[PDB]
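J.: So I've got this experimental structure, pasted below with the sequence.
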Protein chains: 2
Amino acid sequence: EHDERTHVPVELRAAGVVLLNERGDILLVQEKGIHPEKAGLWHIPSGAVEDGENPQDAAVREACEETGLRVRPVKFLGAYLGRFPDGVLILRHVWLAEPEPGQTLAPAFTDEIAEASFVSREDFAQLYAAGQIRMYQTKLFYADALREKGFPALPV
Amino acid sequence: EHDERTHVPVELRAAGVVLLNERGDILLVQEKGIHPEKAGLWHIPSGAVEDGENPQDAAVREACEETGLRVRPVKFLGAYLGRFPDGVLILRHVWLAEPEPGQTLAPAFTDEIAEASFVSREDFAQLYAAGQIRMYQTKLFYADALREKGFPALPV
Ligand SMILES: [Sm+3]
Ligand SMILES: [Sm+3]
Ligand SMILES: [Sm+3]
Ligand SMILES: [Sm+3]
Ligand SMILES: [Sm+3]
Ligand SMILES: [Sm+3]
C-alpha cells in the first residue's frame, strides 16, 4: 500500500441503515411522487452527514428523522460512490441496524417524504422487479443483511 | 437525494483500524525501508478487502495478520478515496478498535512490514511533524479516536 496515489476529494457524504425487524422485513422510506400518476420510489432511511461529523452517528440521527424510529447500528455493510451531473461526488454509507424495542412507526411527512414502512422480503422482490427501488444498491445490502441475520434470501 | 447521479466504480478497497490501548497509545505498522539510510514510514494496521466481502470483517482479519493481535471494531470512523497513477480508485475504511485482553504484540515480518508497535500520543506528534506517518489521514483519525475515548488531544 506504500504505492503513490493522489487524493480524490469527496464533497458530500450520506449515511443510512438497512433496518430489519424480527421477521426480516426491511424499513423503507418513500419519496413524494415522481408523471403525476405514479407513486414515489423507495429508499433506505438515510440523510446527509455534516462535514466533519461521524457518519455512523449521522446514520442513527437521519434514520430517526425520517421514520421516527430510534435505531442501533450493529455492523457496517458498505459504502459506494456517486457523481452528480456537475461533478460533485457523494459517498453513501450503509449500516445494518436494529430498532430499539417498543416503538411505533411514525414517518415524517415532508415535501420529500410521503411515508415510511416495513416491507416483507417477498414484496421487496416485487417492488425491485417493478423498478420501484430508487437505488439498486438497496437490494444488494438487503441481501447482505438477510445473510448476516440468518434469514432466507430474497425470492427467486 | 432523488437527484440523478452516475456510478463511480471503485476497483479496490482497504480496511484498517485505529487501535488504542488503555493509555491512548496507538498501534502502528512500519514499512520495510524507503535512500537506504532512512527507516520505513508508519501506517495503521490495514489490508485489502476481498471483492464482495464485508470491509469491517476484513479490518479485523488484516489487523491480526500484520500485528498478531485480535481486535474488536467498536465504531466506524471514516472512509476516504485515493487514485493510483493509472486511474484505479481505492476506498480506505477506518474503524476505532479495541484489542482483546491478555495479548502480546507479535508483528509479522515480511518484505513489506518491518515491525509494529504502540506509540504514545507525544511520540506520534513527533513522528507526524518529522514526516514519518505515511498517510496524514492517520492523524485525523487518531484525533477522532482520542476524542471518542475521552483522552487528551495530540500535543500542541
Ligand atoms: Sm438531517
Ligand atoms: Sm468532484
Ligand atoms: Sm453482497
Ligand atoms: Sm490479507
Ligand atoms: Sm477508475
Ligand atoms: Sm475529525
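T.: Good, I have the coordinates. Numbers count the residues shown, from 1 in each chain, chains lettered A, B, ... in the order given. Ligands and ions are numbered 1, 2, ... in the order given.
J.: What residues does the residue most central in space within chain A make contact with?
T.: Nearest to the mean C-alpha position of chain A, by CA atoms, centre = their mean, lies residue A:44 at 2.6 Å. By CB atoms under 8 Å, 6 or more residues apart in numbering or on different chains, residue A:44 lies in contact with A:16, A:17, A:18, A:19, A:26, A:27, A:28, A:29, A:94, A:138, A:141. Using the backbone N, CA and C atoms, a C-beta is placed for each residue, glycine as well.
J.: and the fifth one, what are its bridge partners?
T.: With DSSP bridges as the criterion, the beta-bridge partners of residue A:26 are residue A:20, residue A:119.
J.: burial measure for the closest residue to residue A:103 other than its chain neighbours, as a count.
T.: Ranked by CB to CB, 6 or more residues apart in numbering or on different chains and with sequence neighbours excluded, the top spatial neighbour of residue A:103 is residue A:69, at 5.4 Å. Neighbours of residue A:69 under the rule other CB atoms under 10 Å in any protein chain shown: 21.
J.: From what I see, residue A:69 and residue A:99 are in contact.
T.: Yes - Residue A:69 is within contact range of residue A:99, at 5.3 Å (criterion: CB atoms under 8 Å).
J.: quick one: common contacting residues for these two?
T.: Taking CB under 8 Å, 6+ apart as the contact rule, residue A:69 and residue A:99 both touch A:19, A:27.
J.: list the helices and strands the longest strand that chain A contains packs on?
T.: If each strand of chain A is counted by residues according to DSSP state E, the longest one is strand A:71-83. Judged by 3 or more CB pairs under 8 Å, 6 or more residues apart in numbering or on different chains; DSSP states H and E, strand A:71-83 is in contact with strand A:12-19, helix A:55-67, strand A:89-99, helix A:137-149, strand B:6-7, helix B:55-67, strand B:71-83, strand B:89-99.
J.: and of the ones you listed, who's closest to ligand 2?
T.: Counting by CB to the ion, ligand 2 lies closest to strand A:89-99 out of these; the figure is 4.8 Å.
J.: what's the angle between the closest one and helix A:137-149?
T.: In terms of direction (axes from the mean of the first three to the mean of the last three CA atoms, to 10 degrees), strand A:89-99 departs from helix A:137-149 by 40 degrees.
J.: Parallel or antiparallel, list what pairs with strand A:89-99.
T.: As defined by DSSP bridges, the strand partners of strand A:89-99 come to strand A:12-19 (parallel), strand A:71-83 (antiparallel).
J.: Tell me the gap between it and the middle of its chain.
T.: Its chain's average C-alpha position is 6 Å from that of strand A:89-99, according to CA atoms, centre = their mean, to the nearest Å.
J.: coming back round to it: tell me which of the strands paired with strand A:89-99 is the most buried.
T.: strand A:12-19 (a mean of 24; mean count of other CB atoms under 10 Å in any protein chain shown).
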